[PDB]
Amino acid sequence: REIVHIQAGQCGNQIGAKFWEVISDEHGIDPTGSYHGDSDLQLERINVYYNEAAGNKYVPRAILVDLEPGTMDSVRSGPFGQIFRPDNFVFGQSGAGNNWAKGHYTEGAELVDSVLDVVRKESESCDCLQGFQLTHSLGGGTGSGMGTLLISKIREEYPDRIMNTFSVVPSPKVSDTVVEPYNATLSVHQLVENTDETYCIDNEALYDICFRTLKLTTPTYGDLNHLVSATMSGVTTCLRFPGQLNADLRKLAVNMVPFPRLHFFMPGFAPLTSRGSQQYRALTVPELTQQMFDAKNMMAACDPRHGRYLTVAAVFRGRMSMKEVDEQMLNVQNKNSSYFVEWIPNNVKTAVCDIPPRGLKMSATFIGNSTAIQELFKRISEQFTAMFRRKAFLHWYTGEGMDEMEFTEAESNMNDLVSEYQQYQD
Amino acid sequence: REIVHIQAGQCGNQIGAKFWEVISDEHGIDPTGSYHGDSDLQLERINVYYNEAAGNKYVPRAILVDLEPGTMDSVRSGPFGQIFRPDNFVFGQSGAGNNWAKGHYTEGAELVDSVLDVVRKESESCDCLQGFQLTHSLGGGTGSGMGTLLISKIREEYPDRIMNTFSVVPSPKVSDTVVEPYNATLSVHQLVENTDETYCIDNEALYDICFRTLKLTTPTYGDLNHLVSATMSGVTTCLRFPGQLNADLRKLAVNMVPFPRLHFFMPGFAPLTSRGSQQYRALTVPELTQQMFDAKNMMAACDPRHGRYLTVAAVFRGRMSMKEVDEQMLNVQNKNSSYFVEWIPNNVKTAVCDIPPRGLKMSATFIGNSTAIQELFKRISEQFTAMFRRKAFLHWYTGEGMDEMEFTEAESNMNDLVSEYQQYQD
Amino acid sequence: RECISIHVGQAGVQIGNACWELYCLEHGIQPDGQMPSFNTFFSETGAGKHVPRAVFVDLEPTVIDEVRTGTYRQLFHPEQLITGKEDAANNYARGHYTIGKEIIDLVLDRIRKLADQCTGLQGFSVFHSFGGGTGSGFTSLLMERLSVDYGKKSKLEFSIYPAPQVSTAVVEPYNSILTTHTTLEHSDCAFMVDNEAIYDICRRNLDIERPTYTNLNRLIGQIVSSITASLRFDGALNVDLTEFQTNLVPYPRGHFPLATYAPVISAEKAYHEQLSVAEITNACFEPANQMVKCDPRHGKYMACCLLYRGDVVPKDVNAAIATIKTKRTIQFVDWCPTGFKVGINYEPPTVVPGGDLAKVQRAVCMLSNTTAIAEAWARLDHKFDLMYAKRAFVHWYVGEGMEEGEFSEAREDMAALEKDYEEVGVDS
Amino acid sequence: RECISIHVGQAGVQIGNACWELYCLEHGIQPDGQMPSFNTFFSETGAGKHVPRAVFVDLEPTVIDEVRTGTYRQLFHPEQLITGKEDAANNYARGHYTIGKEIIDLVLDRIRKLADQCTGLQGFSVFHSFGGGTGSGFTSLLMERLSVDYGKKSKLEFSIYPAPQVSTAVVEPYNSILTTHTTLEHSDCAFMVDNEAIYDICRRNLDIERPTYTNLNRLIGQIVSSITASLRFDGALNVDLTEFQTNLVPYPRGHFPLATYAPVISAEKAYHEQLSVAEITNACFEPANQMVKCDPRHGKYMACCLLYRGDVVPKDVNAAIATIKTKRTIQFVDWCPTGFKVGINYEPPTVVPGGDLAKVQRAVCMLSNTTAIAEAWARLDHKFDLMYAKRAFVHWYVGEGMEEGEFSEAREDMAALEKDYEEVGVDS
Ligand SMILES: Nc1nc2c(ncn2[C@@H]2O[C@H](COP(=O)(O)OP(=O)(O)OP(=O)(O)O)[C@@H](O)[C@H]2O)c(=O)[nH]1
Ligand SMILES: Nc1nc2c(ncn2[C@@H]2O[C@H](COP(=O)(O)OP(=O)(O)OP(=O)(O)O)[C@@H](O)[C@H]2O)c(=O)[nH]1
Ligand SMILES: Nc1nc2c(ncn2[C@@H]2O[C@H](COP(=O)(O)OP(=O)(O)O)[C@@H](O)[C@H]2O)c(=O)[nH]1
Ligand SMILES: Nc1nc2c(ncn2[C@@H]2O[C@H](COP(=O)(O)OP(=O)(O)O)[C@@H](O)[C@H]2O)c(=O)[nH]1
Ligand SMILES: [Mg+2]
Ligand SMILES: [Mg+2]
């Protein structure tokens with residue numbers, strides 16, 4: 001029944017800053033820590049993410065990890081940085097510098113032991129864990145590097161808990177680190193087989209949505225990470241709150257994974273349009289389904305109609321008829337039958353929660369597992385190869401002891417995921 | 001049951017500005033979008049042209065298309081530009097410049113894909129489309145050029161929906177573009193066989209009516225496009241509202257088209273006279289029929305008594321007896337038997353609606369299909385030939401890749417319509 | 001002893017509106033169905049509400065919606081009110097085939113439901129128009145099924161006869177020709193009236209120069225009630241609908257008895273004038289009250305049925321008959337002796353409150369089958385021919401799957417029908 | 001004369017919520033248990049509170065918590081409300097084995113406690129769904145134990161039939177195939193309904209285009225009450241649950257009678273319309289009121305049971321039966337003569353205040369075993385096959401200890417079942 005969340009890397013720490021904000025919004029918990037809500041449900045299932053400390057203080061069940069105090073400090077300095085206890089800030093001193101080898105292989109490795117100890121302390125604080133969630137970037141040093149290391153140890157300690165992670169996937173246009181594909185390649189090599197599932201977030205796609213449908217001209221990462229948190233929070237609240245359908249994360253995982261190795265997801269979100277049009281929108285189930293199916297409302301820079309859909313999850317929040325939902329999902333399946341895989345009859349699955357997100361009447365979360373995902377892997381693998389041959393920045397990595405044959409195997413493994421998507425693309 | 005309307009070109013955009021204004025007048029819909037009427041019927045069949053968005057907002061089911069933001073902006077800036085959603089404004093940047101080749105063949109072609117996507121989104125928003133209507137100029141770049149391209153694709157997607165269009169036909173005296181007959185020729189070549197029907201509006205004739213019977217000395221295009229919208233709105237309201245006769249657009253199309261290729265119409269309108277005489281007018285069915293038959297009340301610069309009448313539709317709005325209507329139409333047929341075609345017994349057909357246009361007790365719309373229409377084609381074809389031989393401005397068109405043999409075929413096709421009118425003129 | 005009314009198309013439904021209004025007027029039926037008091041047409045609920053056993057079909061929502069928003073919306077059962085979304089477009093090709101054929105199954109199942117509600121289905125009658133898409137298209141489609149399921153029940157049709165001078169439907173000849181082909185062969189009897197002729201009645205006998213369909217259908221309703229309400233009510237000679245068929249249809253082709261109705265008199269015309277049974281029947285043989293523009297003197301009579309309301313004494317009727325048999329110029333076909341059906345109901349004639357017709361104490365309806373009908377077909381023959389020779393409007397049918405041969409064929413069937421009239425005209 | 005209801009899974013419990021609400025409505029039971037007035041289902045306390053003899057099982061706290069926080073939280077005994085912490089995840093492998101098998105012992109002991117409270121246990125019935133983890137997984141686990149301890153008691157199951165078009169559970173075929181294997185062999189009779197078919201009922205007979213499960217379960221509750229409340233109440237022909245089994249199960253396989261219910265009528269549809277017993281039963285043989293999307297005309301009937309509420313006179317029933325035997329197109333299997341069980345209760349049909357269905361004075365429930373069910377299995381066969389051929393999602397079961405052979409086996413058992421239907425279809 002409970003979940004532990006660990007954030008890492010500057011990305012992960014800033015995403016989590018919005019995530020937790022939202023969760024407390026959902027439950028009426030003040031930036032200082034106490035509960036000042038107003039709904040029974042708000043406290044009722046609070047356990048999944050909060051420990052109530054003496055005084056009616058709620059402690060977010062999460063660990064903030066970094067290798068630079070300053071980022072942690074900036075998180076702590078805002079509202080909701082006060083709700084986190086000092087003991088959840090685990091950090092070192094001297095960066096990682098966006099270096100996998102430092103993060104995973106060497107220096108960051110050193111910190112992980114202290115992180116894990118706190119993890120253990122929290123695992124004991126829970127009655128019964130459902131699982132763990134981690135937030136991070138695929139091409140980052142602590143985000144992926146150190147984060148991955150941690151994941152391999154947590155999974156080891158808890159094989160029976162859900163291990164998932166959401167991660168920022170290097171967008172085709174904006175890479176920061178020259179070896180960002182290298183770090184990503186290494187994380188695939190480690191993560192894929194050490195996780196139950198991973199979500200693919202593309203900032204470029206997010207920037208398109210924010211202007212494309214939301215028509216906004218000023219977003220920052222906090223605004224885009226709001227959208228990220230909308231999908232993350234969407235998933236777990238249902239599990240928390242009363243609904244109609246089947247509201248268990250593990251069951252979601254079961255329904256979305258047809259094969260042990262292909263567990264990559266494309267998140268999307270509805271409704272998600274500018275205020276101008278809000279006066280011209282109608283709120284129906286087909287309306288949400290139109291926004292959910294549309295590739296432009298995906299947060300991943302993929303194109304599901306290019307690939308084939310293996311699995312689709314449609315999560316609904318708010319009062320909807322069962323009939324309408326059933327029929328519209330069927331219609332989707334029918335009309336987009338050319339994209340769905342024939343091996344899975346009725347490949348579109350649903351989940352229904354009766355609690356709407358604060359401020360909306362209804363909402364829906366799109367989760368997909370298509371073959372289209374392989375295109376991201378292909379882009380990375382290719383870029384990787386070029387760098388691999390030149391050893392760009394690999395003296396930094398090999399200087400910290402990372403061996404090229406390990407990287408070679410990592411490359412293969414990327415290619416293996418692509419070939420397996422092809423194996424089920426048919 | 002529903003209709004989608006697409007406006008294009010500066011002409012089409014400004015005509016539509018009046019059209020939609022009127023439709024909202026008909027239903028009591030405020031310039032800001034909400035319904036503030038006062039009749040049951042006003043909301044009852046609103047579906048054909050409006051989507052009710054959340055909040056009792058009505059969204060006109062239409063797409064505004066141009067290649068210059070400024071025209072679109074001017075539309076948006078007035079009342080009823082606020083009722084349109086931003087998503088219905090599809091436009092590019094850099095004109096067309098009244099160039100078919102740019103509009104259709106090259107640049108405007110690029111935009112059409114985004115237009116069509118929105119079209120598709122609306123086709124899904126409808127329960128059941130009756131058809132589509134487009135407003136444009138025959139000699140214009142986006143009006144005809146890009147507009148035509150769009151039509152060919154919409155027809156392709158929906159063979160079973162009504163495809164009609166109203167278009168400004170180059171008046172003998174006022175052409176703006178030197179190659180306006182060229183653009184028109186090309187549009188015939190494309191449109192005639194890619195449409196179910198097209199209406200022929202002549203601004204010159206309109207300017208004569210406004211002074212001839214309406215005795216006005218200040219009209220602008222908004223005043224003349226009011227008259228245009230009177231005929232357009234006249235047609236669809238009946239379909240919308242309760243009447244006596246047979247109030248279906250498709251049925252109108254069926255009754256007015258005797259031959260697959262000859263579907264050109266001459267709109268006219270009654271009552272349509274100055275206020276001075278309004279104190280000396282009587283309102284009877286023969287009164288309306290006198291105004292309807294009279295060629296001077298036609299909006300097309302043709303002369304129906306020069307040609308032969310193939311089909312006539314008389315649409316009536318308001319309470320009239322069936323007897324009177326029947327008898328007067330018969331009388332018309334009788335007295336003007338020399339203009340009607342002998343192959344069609346009782347060539348004058350009627351349609352009756354019991355709802356009068358706001359402010360009038362009664363009104364009638366004249367729709368005709370005569371052979372006289374061919375005279376317009378003849379004028380264009382001739383002018384075309386001269387230009388064709390000289391290639392006036394064809395370097396602009398051939399510079400964008402338009403081939404002269406395509407134009408040659410277009411010329412033939414114009415001549416073919418004339419010969420077919422001759423074939424049924426007898 | 002039950003029957004079903006079927007209203008197809010606007011014409012069918014709007015006429016039906018008048019018809020059911022009149023039946024309500026006949027018994028004091030409230031809009032909600034409450035009747036304080038004719039179960040041959042109506043089905044009773046435990047609330048004392050009665051449901052008119054009828055089906056309303058329109059492929060365009062609007063007219064049925066008109067019903068649904070009017071007073072009689074409470075009377076009709078929502079399942080009786082059947083609507084599609086799109087029209088036939090004046091066109092058999094869609095009405096009978098492409099469009100109407102999709103919904104007809106529903107329609108039939110509602111009919112069958114009512115047939116199961118009937119305990120002694122005597123039969124039914126269908127109201128429509130010869131020119132329209134659903135009016136004639138869909139209509140014949142229905143007959144195709146009803147004649148199978150209800151083969152032994154009365155199949156009476158009532159249709160508006162296309163006015164020779166005014167018609168709003170350019171392909172009406174084509175529609176009507178196709179219906180001939182398919183209705184002749186399936187239906188038992190089809191009756192028709194001409195709105196143009198009716199206008200002349202309104203202006204000459206009612207003195208009204210402003211008739212609308214809502215006037216025109218009241219007059220039609222009168223005629224219909226004489227044969228529907230009053231034939232179930234008490235009289236001297238209680239004539240049934242099956243009896244009507246058994247007394248009006250002489251051949252297995254169809255036949256097409258035309259309506260004539262006298263009295264049709266304005267209130268002022270009723271003053272200062274005393275009608276007798278005989279005088280009313282004199283009016284019935286006058287061209288002037290002929291409800292179809294076709295000259296009674298042109299053709300020869302084959303059938304004739306006179307149905308009486310109110311103050312009618314058989315004694316007077318007998319005398320009247322004697323004079324119409326011998327005084328008039330009514331030529332009749334050899335085949336027939338003058339066995340004219342006399343229905344005599346004690347049930348008085350009724351008048352619509354706020355209507356045009358005067359309160360009368362007695363009334364006579366006349367049905368007649370005359371050879372002049374072939375001229376009506378001749379009208380259609382040429383109208384069809386003209387269009388068909390040019391092939392005007394042909395693509396509107398061809399695109400729905402119609403065949404040109406079929407159209408020729410249908411014309412030929414009409415020609416055959418005309419020839420059979422020719423045959424009957426030849427006395428023998 | 002007692003029985004136990006068992007509610008497993010959300011579907012089981014939420015349906016149960018409607019069911020027990022209806023039983024409260026049947027007797028005026030207050031949320032606190034106070035009843036001022038059916039002890040076959042309820043156990044009485046000295047306060048006059050009655051406890052519904054039922055067990056609620058959910059492995060996720062939430063739904064039971066919904067009960068615990070609602071009005072009926074006072075009605076139910078805290079021990080009846082059993083909850084685990086974690087879910088089955090749509091998965092038999094955890095529902096039947098890994099997870100549910102841990103709590104089941106508790107569950108059974110509460111059942112046994114109630115069995116000891118029963119003095120004359122007639123039997124019990126289990127509410128669940130064919131696709132879910134606890135809905136079908138845990139459910140069969142329970143049957144495995146209950147069939148030992150209560151081998152001679154009624155083992156009736158009610159389950160939601162997986163909609164062919166909409167399903168939220170990607171491995172539902174796999175779940176359902178495994179249940180077939182284990183339920184066929186243990187249970188006595190399993191009934192099922194299709195929410196998609198129900199939606200069609202809601203939109204056509206109730207005229208509702210917005211059904212939620214809370215509507216859908218009211219309708220289910222109606223059907224259930226007819227066979228649970230009214231079979232314990234007085235009638236002409238008082239039919240027991242054991243009698244139901246003894247009159248509905250023809251073979252030792254299972255059988256799967258499907259539900260049909262007529263009247264399902266909106267308030268407005270009830271107006272202007274008079275139903276008789278015969279008319280209601282006519283509706284019962286219409287595909288249109290079939291609660292499972294499976295065509296009654298496709299298969300042949302093997303069993304049929306009609307249960308009557310309110311104003312039903314055997315006299316009328318007899319006539320109705322005569323016509324359904326002879327008028328309809330109902331083909332039936334040789335083996336069977338038409339001995340259709342007629343249960344006739346004087347107990348009137350009841351309606352949920354604020355519900356959609358109209359107050360009716362009489363009502364008929366129909367159970368039927370048709371050969372068309374094999375097509376339902378065919379649907380599952382291919383859905384299973386597709387997944388299984390690719391081995392999609394297989395690791396979610398294998399990791400819990402499931403065997404691939406087992407899955408093949410279960411499919412084969414289904415195939416055998418289909419073959420037995422084939423057999424029955426062959427007349428002999
Ligand atoms: N007497 C009478 N005739 C009518 C009435 N309404 C229409 N008609 C006539 O019936 C014909 C019109 O048929 P429409 O209304 O065009 O069509 P429809 O038969 O309802 O079916 P669609 O073509 O598919 O709309 C014309 O000949 C009219 O003169 C009416 O209320 N009374
Ligand atoms: N009629 C009806 N069907 C329902 C209801 N709730 C769920 N269902 C159906 O039953 C199936 C859902 O099962 P779930 O809710 O996913 O699962 P469960 O059987 O409760 O058990 P778990 O998988 O372990 O949560 C779907 O086919 C739903 O359409 C309900 O209240 N009424
Ligand atoms: N959405 C999102 N992406 C971020 C944020 N911060 C850094 N990123 C992305 O993360 C990548 C850089 O890795 P970084 O987080 O600096 O690595 P680390 O800090 O060394 O673990 C780039 O692709 C950025 O676009 C953020 O707050 N939101
Ligand atoms: N009635 C009418 N005609 C117009 C309007 N605007 C331009 N026109 C006519 O359209 C032709 C010019 O084409 P234009 O609309 O400028 O082409 P485009 O804008 O490049 O697509 C001329 O014959 C004008 O008389 C208008 O608002 N009303
Ligand atoms: Mg109509
Ligand atoms: Mg559950």
# chains A, B, ... in the order shown; residues from 1 in each chain; ligands from 1

call {"tool": "select_by_dssp", "arguments": {"residues": "range 37-100 of chain C", "states": "alpha helix (DSSP H)", "output": "PyMOL selection string"}}
result
chain C and resi 61-68+92+100

call {"tool": "residues_near_ligand", "arguments": {"ligand": "ligand 3", "cutoff": "6 Å", "atoms": "only C-alpha atoms and all ligand atoms", "output": "PyMOL selection string"}}
result
chain A and resi 9-11+14-15+97-98+137+139-143+170+175-176+203+221+225

call {"tool": "residues_near_ligand", "arguments": {"ligand": "ligand 1", "cutoff": "7 Å", "atoms": "only C-alpha atoms and all ligand atoms", "output": "PyMOL selection string"}}
result
(chain B and resi 244-248+251) or (chain C and resi 9-11+14-15+87-91+95+128-129+131-136+160+162-163+167-169+195+213-214+216-217)

call {"tool": "interface_residues", "arguments": {"of": "chain C", "to": "chain B", "cutoff": "7 Å", "atoms": "only C-alpha atoms", "output": "list in words"}}
result
residues 62, 85, 86, 87, 89, 90, 165, 166, 167, 168, 169, 170, 171, 199, 210, 211, 212, 213, 383, 386, 387, 390, 392, 393, 394, 395 and 396 of chain C

call {"tool": "select_by_dssp", "arguments": {"residues": "range 184-262 of chain D", "states": "strand (DSSP E)", "output": "mmCIF file with N, CA, C and O atoms, in the first residue's frame"}}
result
data_model
loop_
_atom_site.group_PDB
_atom_site.id
_atom_site.type_symbol
_atom_site.label_atom_id
_atom_site.label_comp_id
_atom_site.auth_asym_id
_atom_site.auth_seq_id
_atom_site.Cartn_x
_atom_site.Cartn_y
_atom_site.Cartn_z
ATOM 1 N N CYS D 189 -23.695 -23.766 -11.206
ATOM 2 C CA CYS D 189 -24.275 -22.971 -12.265
ATOM 3 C C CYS D 189 -23.817 -21.582 -12.267
ATOM 4 O O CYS D 189 -23.816 -20.929 -11.225
ATOM 5 N N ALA D 190 -23.451 -21.139 -13.448
ATOM 6 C CA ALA D 190 -22.965 -19.799 -13.470
ATOM 7 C C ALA D 190 -23.746 -18.952 -14.442
ATOM 8 O O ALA D 190 -23.919 -19.278 -15.613
ATOM 9 N N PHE D 191 -24.188 -17.823 -13.935
ATOM 10 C CA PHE D 191 -24.968 -16.899 -14.711
ATOM 11 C C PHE D 191 -24.169 -15.700 -15.099
ATOM 12 O O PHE D 191 -23.289 -15.290 -14.342
ATOM 13 N N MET D 192 -24.476 -15.127 -16.250
ATOM 14 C CA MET D 192 -23.715 -13.948 -16.575
ATOM 15 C C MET D 192 -24.420 -12.949 -17.428
ATOM 16 O O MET D 192 -25.366 -13.268 -18.154
ATOM 17 N N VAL D 193 -23.956 -11.715 -17.278
ATOM 18 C CA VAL D 193 -24.507 -10.613 -18.063
ATOM 19 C C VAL D 193 -23.415 -9.743 -18.652
ATOM 20 O O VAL D 193 -22.302 -9.664 -18.135
ATOM 21 N N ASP D 194 -23.751 -9.089 -19.746
ATOM 22 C CA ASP D 194 -22.870 -8.225 -20.511
ATOM 23 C C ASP D 194 -23.183 -6.754 -20.343
ATOM 24 O O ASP D 194 -24.202 -6.292 -20.862
ATOM 25 N N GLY D 235 -46.103 -16.977 -2.883
ATOM 26 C CA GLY D 235 -46.694 -17.077 -4.159
ATOM 27 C C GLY D 235 -47.556 -18.286 -4.342
ATOM 28 O O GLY D 235 -47.869 -19.018 -3.398
ATOM 29 N N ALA D 236 -47.911 -18.481 -5.595
ATOM 30 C CA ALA D 236 -48.712 -19.599 -6.033
ATOM 31 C C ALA D 236 -47.785 -20.776 -6.138
ATOM 32 O O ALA D 236 -47.985 -21.843 -5.544
ATOM 33 N N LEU D 237 -46.721 -20.527 -6.891
ATOM 34 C CA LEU D 237 -45.690 -21.509 -7.118
ATOM 35 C C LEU D 237 -44.448 -20.998 -6.461
ATOM 36 O O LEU D 237 -43.719 -20.198 -7.059
ATOM 37 N N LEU D 258 -28.342 -17.675 -19.181
ATOM 38 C CA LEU D 258 -28.204 -16.267 -19.356
ATOM 39 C C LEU D 258 -29.455 -15.551 -18.966
ATOM 40 O O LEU D 258 -30.561 -16.087 -19.050
ATOM 41 N N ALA D 259 -29.251 -14.336 -18.486
ATOM 42 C CA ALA D 259 -30.378 -13.549 -18.045
ATOM 43 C C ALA D 259 -30.976 -12.686 -19.119
ATOM 44 O O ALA D 259 -30.296 -12.207 -20.033
ATOM 45 N N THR D 260 -32.284 -12.597 -19.022
ATOM 46 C CA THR D 260 -33.114 -11.720 -19.803
ATOM 47 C C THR D 260 -34.167 -11.126 -18.885
ATOM 48 O O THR D 260 -34.748 -11.807 -18.034
ATOM 49 N N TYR D 261 -34.438 -9.849 -19.036
ATOM 50 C CA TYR D 261 -35.424 -9.295 -18.132
ATOM 51 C C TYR D 261 -36.272 -8.310 -18.844
ATOM 52 O O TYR D 261 -35.806 -7.432 -19.574
ATOM 53 N N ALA D 262 -37.545 -8.530 -18.653
ATOM 54 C CA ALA D 262 -38.517 -7.651 -19.224
ATOM 55 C C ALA D 262 -39.576 -7.629 -18.082
ATOM 56 O O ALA D 262 -39.910 -8.674 -17.550
#

call {"tool": "atom_distance", "arguments": {"atom1": "CA of residue 422 in chain B", "atom2": "CA of residue 377 in chain B"}}
result
12.3 Å

call {"tool": "interface_residues", "arguments": {"of": "chain B", "to": "chain A", "cutoff": "8 Å", "atoms": "only C-alpha atoms", "output": "PyMOL selection string"}}
result
chain B and resi 51-55+57-59+85-87

call {"tool": "write_last_selection", "arguments": {"atoms": "N, CA and C atoms", "output": "PDB file, in the first residue's frame"}}
result
ATOM      1  N   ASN B  51     -21.396  24.265 -32.320  1.00  0.00           N
ATOM      2  CA  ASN B  51     -21.081  23.298 -31.309  1.00  0.00           C
ATOM      3  C   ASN B  51     -21.316  24.024 -30.025  1.00  0.00           C
ATOM      4  N   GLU B  52     -22.016  23.423 -29.095  1.00  0.00           N
ATOM      5  CA  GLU B  52     -22.116  24.141 -27.850  1.00  0.00           C
ATOM      6  C   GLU B  52     -20.954  23.702 -26.998  1.00  0.00           C
ATOM      7  N   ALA B  53     -20.117  24.656 -26.675  1.00  0.00           N
ATOM      8  CA  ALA B  53     -18.975  24.444 -25.831  1.00  0.00           C
ATOM      9  C   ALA B  53     -19.425  24.698 -24.404  1.00  0.00           C
ATOM     10  N   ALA B  54     -18.664  24.145 -23.471  1.00  0.00           N
ATOM     11  CA  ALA B  54     -18.993  24.282 -22.071  1.00  0.00           C
ATOM     12  C   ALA B  54     -19.155  25.731 -21.682  1.00  0.00           C
ATOM     13  N   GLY B  55     -20.232  25.981 -20.952  1.00  0.00           N
ATOM     14  CA  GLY B  55     -20.569  27.326 -20.541  1.00  0.00           C
ATOM     15  C   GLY B  55     -21.654  27.969 -21.372  1.00  0.00           C
ATOM     16  N   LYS B  57     -21.586  28.179 -24.726  1.00  0.00           N
ATOM     17  CA  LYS B  57     -20.850  28.934 -25.695  1.00  0.00           C
ATOM     18  C   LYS B  57     -21.093  28.259 -27.001  1.00  0.00           C
ATOM     19  N   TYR B  58     -21.259  29.016 -28.062  1.00  0.00           N
ATOM     20  CA  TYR B  58     -21.502  28.300 -29.293  1.00  0.00           C
ATOM     21  C   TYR B  58     -20.369  28.587 -30.225  1.00  0.00           C
ATOM     22  N   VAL B  59     -19.860  27.521 -30.799  1.00  0.00           N
ATOM     23  CA  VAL B  59     -18.739  27.622 -31.686  1.00  0.00           C
ATOM     24  C   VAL B  59     -19.196  27.421 -33.102  1.00  0.00           C
ATOM     25  N   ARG B  85     -13.357  30.170 -32.490  1.00  0.00           N
ATOM     26  CA  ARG B  85     -12.232  29.790 -31.678  1.00  0.00           C
ATOM     27  C   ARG B  85     -10.966  29.971 -32.458  1.00  0.00           C
ATOM     28  N   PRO B  86      -9.854  30.257 -31.784  1.00  0.00           N
ATOM     29  CA  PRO B  86      -8.542  30.428 -32.357  1.00  0.00           C
ATOM     30  C   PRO B  86      -8.129  29.296 -33.258  1.00  0.00           C
ATOM     31  N   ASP B  87      -8.587  28.109 -32.919  1.00  0.00           N
ATOM     32  CA  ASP B  87      -8.308  26.926 -33.680  1.00  0.00           C
ATOM     33  C   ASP B  87      -8.968  26.915 -35.041  1.00  0.00           C
TER      34      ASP B  87
END

call {"tool": "residues_around", "arguments": {"residues": "range 67-80 of chain A", "least_positions_apart": "4", "cutoff": "7 Å", "atoms": "only C-alpha atoms", "output": "CSV table (one decimal) with N, CA and C atoms, in the first residue's frame"}}
result
chain,number,residue,atom,x,y,z
A,10,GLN,N,19.7,17.3,-11.1
A,10,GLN,CA,19.0,18.6,-11.0
A,10,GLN,C,17.6,18.5,-11.6
A,17,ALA,N,10.0,18.7,-7.1
A,17,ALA,CA,9.6,19.9,-6.4
A,17,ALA,C,8.2,20.2,-6.9
A,21,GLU,N,4.4,19.1,-4.6
A,21,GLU,CA,3.5,20.3,-4.5
A,21,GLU,C,2.1,19.9,-4.8
A,31,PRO,N,2.2,24.1,2.7
A,31,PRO,CA,3.6,24.1,2.5
A,31,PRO,C,4.5,24.0,3.7
A,32,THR,N,3.9,24.2,4.9
A,32,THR,CA,4.6,24.0,6.1
A,32,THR,C,4.4,22.7,6.8
A,84,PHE,N,9.7,18.8,3.7
A,84,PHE,CA,10.6,17.7,3.7
A,84,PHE,C,11.5,17.7,4.9
A,91,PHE,N,23.1,14.3,0.2
A,91,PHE,CA,23.9,14.8,-0.8
A,91,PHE,C,25.4,14.9,-0.4
A,92,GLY,N,26.2,15.0,-1.5
A,92,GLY,CA,27.6,15.1,-1.3
A,92,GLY,C,28.0,16.4,-1.7
A,93,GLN,N,29.3,16.5,-2.0
A,93,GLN,CA,29.9,17.7,-2.4
A,93,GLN,C,30.4,18.1,-3.6
A,94,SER,N,30.6,17.0,-4.3
A,94,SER,CA,31.2,17.6,-5.4
A,94,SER,C,30.8,16.9,-6.6
A,95,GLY,N,29.9,17.5,-7.1
A,95,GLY,CA,29.1,17.2,-8.2
A,95,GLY,C,29.1,15.8,-8.6
A,96,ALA,N,29.1,15.6,-9.9
A,96,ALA,CA,29.2,14.4,-10.6
A,96,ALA,C,29.7,14.9,-11.9

call {"tool": "interface_residues", "arguments": {"of": "chain C", "to": "chain D", "cutoff": "12 Å", "atoms": "only C-alpha atoms", "output": "PyMOL selection string"}}
result
chain C and resi 31-35+42-53+73-80+106+109+112-118
